[PDB]
**Q** 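Please read through the structure below; I'll follow up with questions.
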Amino acid sequence: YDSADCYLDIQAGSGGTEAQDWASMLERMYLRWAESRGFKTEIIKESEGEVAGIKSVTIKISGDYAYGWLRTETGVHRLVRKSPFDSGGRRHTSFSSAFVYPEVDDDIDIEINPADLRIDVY
Amino acid sequence: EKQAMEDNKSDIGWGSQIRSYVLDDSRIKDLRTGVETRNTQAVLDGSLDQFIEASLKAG
RNA sequence: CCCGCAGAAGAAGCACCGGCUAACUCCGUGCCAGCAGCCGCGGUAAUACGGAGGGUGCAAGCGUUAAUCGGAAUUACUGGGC
RNA sequence: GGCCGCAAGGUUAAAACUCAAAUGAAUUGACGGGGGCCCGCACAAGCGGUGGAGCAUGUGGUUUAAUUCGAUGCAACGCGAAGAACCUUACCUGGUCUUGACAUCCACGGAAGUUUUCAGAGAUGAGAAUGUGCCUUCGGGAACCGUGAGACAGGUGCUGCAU
RNA sequence: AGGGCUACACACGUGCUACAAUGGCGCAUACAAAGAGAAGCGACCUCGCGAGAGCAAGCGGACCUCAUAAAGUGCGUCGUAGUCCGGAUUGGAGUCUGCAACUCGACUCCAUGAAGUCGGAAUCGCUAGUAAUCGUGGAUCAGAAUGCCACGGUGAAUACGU
RNA sequence: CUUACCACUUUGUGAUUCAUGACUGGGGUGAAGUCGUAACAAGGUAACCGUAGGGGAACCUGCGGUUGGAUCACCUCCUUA
RNA sequence: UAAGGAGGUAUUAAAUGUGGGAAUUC
RNA sequence: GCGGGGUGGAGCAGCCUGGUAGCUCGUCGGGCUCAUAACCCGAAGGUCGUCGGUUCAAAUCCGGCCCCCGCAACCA
RNA sequence: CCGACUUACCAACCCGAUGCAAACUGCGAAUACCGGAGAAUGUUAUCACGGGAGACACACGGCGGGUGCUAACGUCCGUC
RNA sequence: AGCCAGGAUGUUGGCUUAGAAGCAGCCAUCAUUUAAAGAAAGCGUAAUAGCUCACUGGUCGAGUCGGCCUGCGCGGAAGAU
RNA sequence: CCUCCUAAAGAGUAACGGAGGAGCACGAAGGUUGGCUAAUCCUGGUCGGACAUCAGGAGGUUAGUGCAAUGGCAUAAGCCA
RNA sequence: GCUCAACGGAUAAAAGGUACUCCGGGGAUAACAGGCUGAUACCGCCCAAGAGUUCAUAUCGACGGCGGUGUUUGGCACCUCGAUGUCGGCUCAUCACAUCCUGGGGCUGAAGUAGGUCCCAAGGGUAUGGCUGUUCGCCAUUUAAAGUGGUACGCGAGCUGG
Ligand SMILES: [K+]
Ligand SMILES: [K+]
Ligand SMILES: [K+]
Ligand SMILES: [K+]
Ligand SMILES: [K+]
Ligand SMILES: [K+]
Ligand SMILES: [K+]
Ligand SMILES: [K+]
Ligand SMILES: [K+]
Ligand SMILES: [K+]
Ligand SMILES: [K+]
Ligand SMILES: [K+]
Ligand SMILES: [K+]
Ligand SMILES: [K+]
Ligand SMILES: [K+]
Ligand SMILES: [K+]
Ligand SMILES: [K+]
Ligand SMILES: [K+]
Ligand SMILES: [K+]
Ligand SMILES: [K+]
Ligand SMILES: [K+]
Ligand SMILES: [K+]
Ligand SMILES: [K+]
Ligand SMILES: [K+]
Ligand SMILES: [K+]
Ligand SMILES: [K+]
Ligand SMILES: [K+]
Ligand SMILES: [K+]
Ligand SMILES: [K+]
Ligand SMILES: [K+]
Ligand SMILES: [Mg+2]
Ligand SMILES: [Mg+2]
Ligand SMILES: [Mg+2]
Ligand SMILES: [Mg+2]
Ligand SMILES: [Mg+2]
Ligand SMILES: [Mg+2]
Ligand SMILES: [Mg+2]
Ligand SMILES: [Mg+2]
Ligand SMILES: [Mg+2]
Ligand SMILES: [Mg+2]
Ligand SMILES: [Mg+2]
Ligand SMILES: [Mg+2]
Ligand SMILES: [Mg+2]
Ligand SMILES: [Mg+2]
Ligand SMILES: [Mg+2]
Ligand SMILES: [Mg+2]
Ligand SMILES: [Mg+2]
Ligand SMILES: [Mg+2]
Ligand SMILES: [Mg+2]
Ligand SMILES: [Mg+2]
Ligand SMILES: [Mg+2]
Ligand SMILES: [Mg+2]
Ligand SMILES: [Mg+2]
Ligand SMILES: [Mg+2]
Ligand SMILES: [Mg+2]
Ligand SMILES: [Mg+2]
Ligand SMILES: [Mg+2]
Ligand SMILES: [Mg+2]
Ligand SMILES: [Mg+2]
Ligand SMILES: [Mg+2]
Ligand SMILES: [Mg+2]
Ligand SMILES: [Mg+2]
Ligand SMILES: [Mg+2]
Ligand SMILES: [Mg+2]
Ligand SMILES: [Mg+2]
Ligand SMILES: [Mg+2]
Ligand SMILES: [Mg+2]
Ligand SMILES: [Mg+2]
Ligand SMILES: [Mg+2]
Ligand SMILES: [Mg+2]
Ligand SMILES: [Mg+2]
Ligand SMILES: [Mg+2]
Ligand SMILES: [Mg+2]
Ligand SMILES: [Mg+2]
Ligand SMILES: [Mg+2]
Ligand SMILES: [Mg+2]
Ligand SMILES: [Mg+2]
Ligand SMILES: [Mg+2]
Ligand SMILES: [Mg+2]
Ligand SMILES: [Mg+2]
Ligand SMILES: [Mg+2]
Ligand SMILES: [Mg+2]
Ligand SMILES: [Mg+2]
Ligand SMILES: [Mg+2]
Ligand SMILES: [Mg+2]
Ligand SMILES: [Mg+2]
Ligand SMILES: [Mg+2]
Ligand SMILES: [Mg+2]
Ligand SMILES: [Mg+2]
Ligand SMILES: [Mg+2]
Ligand SMILES: [Mg+2]
Ligand SMILES: [Mg+2]
Ligand SMILES: [Mg+2]
């Protein structure tokens, strides 16, 4: 399925609000990379964190071998930076997950072959 | 199939990282391939081609 | 048990070194790999992980685990409290 | 489980598992939509503004080959910058060099220079005239230009959470 | 060397200029302080509508130059209108600096003549020579201030009280 | 040979203990989720205890009890020395 | 000046803040 | 078979009686705050299920088609 | 602001050719119907007025049709 | 009709294919040797191969071929005393 | 109740056959006299556009009829006075 | 002066239940069975795109077409309403063949074993239980096989009565 278009799902993780901000950063990064590759992106769904960032986002990527180019980014991305959401400015670690799956073709509806059915009347 | 994929998805937490972005040390390292860069700003701006090409070449 | 023969010739390892607890540095590593009796150690300048040099303690043994008592006055008779 | 109760429940009374604490009093602070007393354009009493408009200027964001980098509650945002056409400039595109634009040392040459020519966007490359001096045991040497090495130079590269 | 740092659907901060009559315009005419100056300040005179140009004094300055302060005052006009308010934008023609003003300088002349008629929620500064308003100079600097630093002119209101 | 006693063995019905069971109750734990903010200050309606009712949840309300609750300043008037 | 008694004072509103913190010690 | 419905992102109005789309939340911009919520000041967003007809003109009236609801579906 | 090219392509009107129609007709029968004339034939077979009714569940066959499945010994019309 | 000869060459036409030789296709589909021999009509081979065959010659010596209109028949054609 | 078809070229003709309308309107929308001729498209033209009003051309009732359908309507039954 | 619109208008004035029921009638008219039909149902055949590595026809067979049976659900309302008792079971059957087993054959993508598919063949044979009133069906375990149907969905003047 490397040639097919793909869907990218980003979900915040252990960092909490910092994780949601990191998820927003990852979303911006992947959108910029798609622009650089010339692929077309749209936002199917999004859930924004209340304080900052996004809790989750689903993006559709369309292009030549989009799934092939993006499939290796699936996993959890670890971020280490002085959390802007800590009063003491401590160095916290946040986690965000990117999952890439191909755009499945719509199934052809198959009518029930009448030779596959047994009908009983009683 | 979807539920098997959800159970296969590693939890978003400690120890499940495959790409570490440490901004204080100004280092980004991919755990799978070992590719490491210091231009964190470029990578955040979208210079993912190095990591993606490395992963594809590794296969 | 004794006498004679030959040549240093045949004979040293194990644990530990952050505190408790005797014994410290370099390199690797980078909340990973790992350690851990307790407190804890590791997130890129680690005497705590792993290797090395040095050192400390024991020794044909040295460590780990299991077990009992001690320390535990932590069932207090000796010998406690409300 | 037992006993008691009409019931609600009472009474008696564990274990597994888990943690390295839980706790009492007092001490120094900090905090209180606790108290008291003071003060400050803090209110109050006023005057003039900002938020609307056009323009300037910084920022963010976006864009871009690059839009260099930093500042980014009060205490960043006409801030570093008391002044980006070139230079600046640290950025980008292209063209170029590799002991080197900037130093010291060694060797080797050539005074320093000055004037030109050509080619190139320029860096630069090639050539042609012209001076060949100053200290000076005719040993010279060194002001200065090159060439050849290698110790080195060089970096406004990262870490202001090592200073 | 050329380009970018000057981009531009947009959001914010800090500024300048206004929305007029306590004003605009025209003529005339008073009163400052502080400071800069030698690859500099540059008088005068002549030319140009003008920015400026040519020639050329003086001054390392209480001496010469920058360099008439402006608000003000007197007279006249405008008579309330998007105006004789506003001066953005744009076209044409120029000047100067600088090798070089296309990207991307400032200034001048002619034309043009936008929004804006006192600004929602909200928010700022100031207690006296202060606020407000009016000019002037300096550094940085070849050229390039509404920014900064400084200097004077006029010159208030209010503070019951906590 | 017979009787008595008696082992194996058989039947019925209980007790106890171990394992197991669809489902169900609560408990402990967690480097982030969702809904609130119940306590700690007078924690913004003092808190807590017994009991009862109600409510997504911390909880609320009634009745009685405890202090293991904070504050207690200031103005005016009158009287006495 | 001291003591006692009485009356008035008073904010309606105000939820929340994840996860990486001691060199200064013979 | 007989009735209803289908309208900004969500839930409801507007239909009857043709001329015109409203409310609440939500979204976006600016405030307040150290910050978020709450709160305050502003904006935007539906050509009305889908076709067709009728009309000068249709969210509205009529007819199909699709989806959703109700009822009914009996004696047998 | 203009606009330039090209077409997997789709095509109104118009022109040429080919069909279709219960609710189409620039055409159009056979029959049937109305009226007039004439002969022959018919026990007036015709009409009017009066007395007495019955009947108003039809069936099949033919032809022309609606409906149904160009089903029914189906159903509903027209006509013998 | 049989029957006897034959039934060649470039050349396996190339591509795509896994292989593709007439015979998976795609894809061209020609000229040469001439009596004639298809870049193949069928069978066949994993592919070839092989087997035919179309075409053509030679012996035997009168019909032979396959459409059109039409009459009568045949199959299709299974049920319960 | 009205219009068309079924309905077989006179009238009439059924079905829970196929399609639609009516339960009004108008003192002018009636009477008469005089006059007039449509839809639609094309070209040109201020705002003005696919579509307003104006001018010309093509066309010839494809319009119109107060309201369904049918039959009519130019001598108009249509439009104006 | 009437939506007397059930529009030749019963009255000025009117809804339902009856499985507690009753009378007069109707096979003029439904429920069962028969009849006509055959849409549907079941069983065949025609064409051959394709599936089957190649290869339409070993086995299947799309888009379409033509039949047979009566055999389901129906249509009609011809018989019976002065009465033709009904699902399943039980007992007892009888016939058809569109054959489930045993018999005979053709082709096979038939090595053998074991199958597939079609043709001939009706002599004989062709389960017991769990659940349910069940038919049907699922399940357990057998068998060479546990056939498909007609017979008023055979059979209550033979039984049962869930
Ligand atoms: K290292
Ligand atoms: K004791
Ligand atoms: K009770
Ligand atoms: K401003
Ligand atoms: K410092
Ligand atoms: K400014
Ligand atoms: K410029
Ligand atoms: K003007
Ligand atoms: K303002
Ligand atoms: K200057
Ligand atoms: K409480
Ligand atoms: K309390
Ligand atoms: K609830
Ligand atoms: K009579
Ligand atoms: K008839
Ligand atoms: K007729
Ligand atoms: K008239
Ligand atoms: K009636
Ligand atoms: K009744
Ligand atoms: K009853
Ligand atoms: K049939
Ligand atoms: K039949
Ligand atoms: K009967
Ligand atoms: K057989
Ligand atoms: K066989
Ligand atoms: K048989
Ligand atoms: K059943
Ligand atoms: K039978
Ligand atoms: K019967
Ligand atoms: K009988
Ligand atoms: Mg020690
Ligand atoms: Mg160890
Ligand atoms: Mg460290
Ligand atoms: Mg180290
Ligand atoms: Mg070690
Ligand atoms: Mg032990
Ligand atoms: Mg003891
Ligand atoms: Mg004790
Ligand atoms: Mg108990
Ligand atoms: Mg005030
Ligand atoms: Mg503004
Ligand atoms: Mg910047
Ligand atoms: Mg830096
Ligand atoms: Mg400033
Ligand atoms: Mg530059
Ligand atoms: Mg370059
Ligand atoms: Mg610091
Ligand atoms: Mg440059
Ligand atoms: Mg800048
Ligand atoms: Mg100056
Ligand atoms: Mg005015
Ligand atoms: Mg003006
Ligand atoms: Mg205006
Ligand atoms: Mg002050
Ligand atoms: Mg000023
Ligand atoms: Mg509380
Ligand atoms: Mg409380
Ligand atoms: Mg209550
Ligand atoms: Mg008491
Ligand atoms: Mg206690
Ligand atoms: Mg919350
Ligand atoms: Mg906290
Ligand atoms: Mg409308
Ligand atoms: Mg009658
Ligand atoms: Mg009758
Ligand atoms: Mg009749
Ligand atoms: Mg018939
Ligand atoms: Mg009949
Ligand atoms: Mg026949
Ligand atoms: Mg007629
Ligand atoms: Mg007729
Ligand atoms: Mg009749
Ligand atoms: Mg009749
Ligand atoms: Mg008239
Ligand atoms: Mg007339
Ligand atoms: Mg009637
Ligand atoms: Mg009776
Ligand atoms: Mg009958
Ligand atoms: Mg019947
Ligand atoms: Mg029947
Ligand atoms: Mg009948
Ligand atoms: Mg009968
Ligand atoms: Mg009888
Ligand atoms: Mg047979
Ligand atoms: Mg027989
Ligand atoms: Mg026999
Ligand atoms: Mg059974
Ligand atoms: Mg049973
Ligand atoms: Mg039957
Ligand atoms: Mg039977
Ligand atoms: Mg029966
Ligand atoms: Mg009988
Ligand atoms: Mg019964």
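Just the heavy atoms: all of them, side chains too, but no hydrogens, waters or symmetry mates, feed the values below. By convention in this document, chain letters (A, B, ...) are assigned in the order of the sequence lines, proteins followed by strands, and residues within each chain are numbered from 1.
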**Q** So, with the rule that both contacts fall under 3.5 Å, do D/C79 and D/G70 count as a Watson-Crick or wobble pair?
**A** yes
**Q** Is E/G82 base-paired with E/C5, counting Watson-Crick or G-U wobble geometry with both distances under 3.5 Å?
**A** no
**Q** Spell out, yes or no, whether B/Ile12 and A/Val80 are grouped together once hydrophobic residues are joined by side-chain heavy atoms under 4.5 Å, including indirect joins.
**A** no
**Q** Report, as a single string ordered 5' to 3', how protein heavy atoms within less than 4.0 Å touch nucleotides 29-37 of chain F: B base, S sugar-phosphate only, - not at all.
**A** --BB-S---
**Q** By the criterion of two distances each under 3.5 Å, are H/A10 and H/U24 a Watson-Crick or G-U wobble pair?
**A** yes
**Q** Counting only Watson-Crick or G-U wobble pairs whose two distances fall under 3.5 Å, which nucleotide matches L/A110?
**A** none
**Q** Remember a base hit wins even if backbone is also touched, and classify A/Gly89 as base, sugar-phosphate or nothing at under 4.0 Å, heavy atoms.
**A** base
**Q** Report the glycosidic orientation of E/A28: syn if within 90° of 0, anti in every other case.
**A** anti
**Q** Just the rounded figure in Å: distance from P of D/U62 to CE of A/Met29.
**A** 14 Å
**Q** Provide, to the nearest angstrom, the distance between the CG atom belonging to A/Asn113 and the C1' atom belonging to L/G61.
**A** 11 Å
**Q** Salt bridge between A/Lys55 and A/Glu46, side-chain N to carboxylate O under 4.0 Å?
**A** no
**Q** Looking at L/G154, is it paired to L/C92 in the Watson-Crick or G-U wobble sense, both distances under 3.5 Å?
**A** yes
**Q** I'd like to know if A/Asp5 pairs up with A/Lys40 as an ion pair, taking the criterion as any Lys NZ or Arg NE/NH1/NH2 lying under 4.0 Å from an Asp or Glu carboxylate oxygen.
**A** no
**Q** Relative to the ring of A/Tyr7, is the ring of A/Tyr101 parallel (under 30°), tilted (30 to 60°) or perpendicular (over 60°)?
**A** parallel
**Q** Using the P atom in both, what is the distance from K/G10 to I/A32, to the nearest Å?
**A** 12 Å
**Q** Do A/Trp33 and B/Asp49 meet the criterion of a side-chain donor-acceptor pair at a distance under 3.5 Å?
**A** yes
**Q** Pairing defined as Watson-Crick or G-U wobble with both contacts under 3.5 Å. Yes or no for K/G66 and K/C24?
**A** yes
**Q** Given L/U135, G/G21, C/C32, which nucleotide is nearest the side-chain atoms of A/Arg90?
**A** G/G21
**Q** For E/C19 and E/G119, is it a pair or not, if I count Watson-Crick and G-U wobble only and require both distances under 3.5 Å?
**A** yes
**Q** What about A/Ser87: does its side chain form a donor-acceptor pair under 3.5 Å with the base of G/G17?
**A** no
**Q** Scan A/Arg118 against the nucleic acid and name what it touches under 4.0 Å (heavy atoms): base, sugar-phosphate only, or nothing.
**A** sugar-phosphate
**Q** Take atom OH in A/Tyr65; do more than 12 heavy atoms of anything else shown fall under 6.0 Å from it?
**A** no
**Q** Is there a Watson-Crick or G-U wobble partner for C/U65 with both distances under 3.5 Å, and which nucleotide is it?
**A** none
**Q** In whole angstrom, give me the gap between the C1' atoms of F/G36 and G/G17.
**A** 15 Å
**Q** Determine which nucleotide pairs with C/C58, using a 3.5 Å limit on both distances of a Watson-Crick or G-U wobble pair.
**A** C/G13
**Q** Please tell me which of A/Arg91 and A/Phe95 maps to the more 5' nucleotide of RNA chain C, matching each residue to the nucleotide holding its nearest heavy atom.
**A** A/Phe95
**Q** Using the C1'-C2'-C3'-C4' dihedral sign as the criterion, classify the sugar of E/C104 as north or south.
**A** south
**Q** Identify whether C/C35 and C/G40 are a Watson-Crick or G-U wobble pair (both distances under 3.5 Å).
**A** yes
**Q** Identify whether the distance between the nearest side-chain nitrogen and carboxylate oxygen of B/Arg19 and A/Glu73 falls below 4.0 Å.
**A** yes
**Q** Mind checking A/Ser83 for me? I need base, sugar-phosphate or nothing, with any heavy atom below 4.0 Å counting as a touch.
**A** base
**Q** Would you confirm whether E/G161 and D/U104 are paired, taking Watson-Crick (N1-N3 with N6-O4 or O6-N4) or G-U wobble (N1-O2 and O6-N3) geometry and requiring each distance to be under 3.5 angstrom?
**A** no
**Q** Between B/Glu6 and B/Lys9, is there a salt bridge with N-O shorter than 4.0 Å?
**A** yes
**Q** Check whether B/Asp25 reaches the backbone of B/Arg27 with its side chain - one donor and one acceptor, N or O, closer than 3.5 Å.
**A** no
**Q** What parts of residues 23-49 of chain B reach RNA chain C, counting only heavy atoms under 4.0 Å away?
**A** B/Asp25, B/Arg27
**Q** Looking at the side chain of A/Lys82, which of D/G160, L/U72, C/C32 is the nearest nucleotide?
**A** D/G160
**Q** Is H/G19 the Watson-Crick or G-U wobble partner of H/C56, both distances being under 3.5 Å?
**A** yes
**Q** Should A/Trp22 and A/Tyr30 be counted in the same cluster of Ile, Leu, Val, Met, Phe, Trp and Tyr side chains packed under 4.5 Å apart?
**A** yes
**Q** Checking A/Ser97 against A/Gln11: is there a side-chain donor and acceptor pair closer than 3.5 Å?
**A** no
**Q** Distance check, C1' atoms only: E/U95 and E/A32, in whole angstrom units.
**A** 34 Å
**Q** Between B/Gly13 and A/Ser14, which heavy-atom pair has the shortest distance, and what is it?
**A** CA-OG, 3.2 Å
**Q** So which nucleotide from L/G137, C/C32, G/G20 ends up closest to the side chain of A/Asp120?
**A** L/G137
**Q** Using a 3.5 Å upper limit on both distances, decide if J/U81 and E/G13 constitute a Watson-Crick or G-U wobble pair.
**A** no
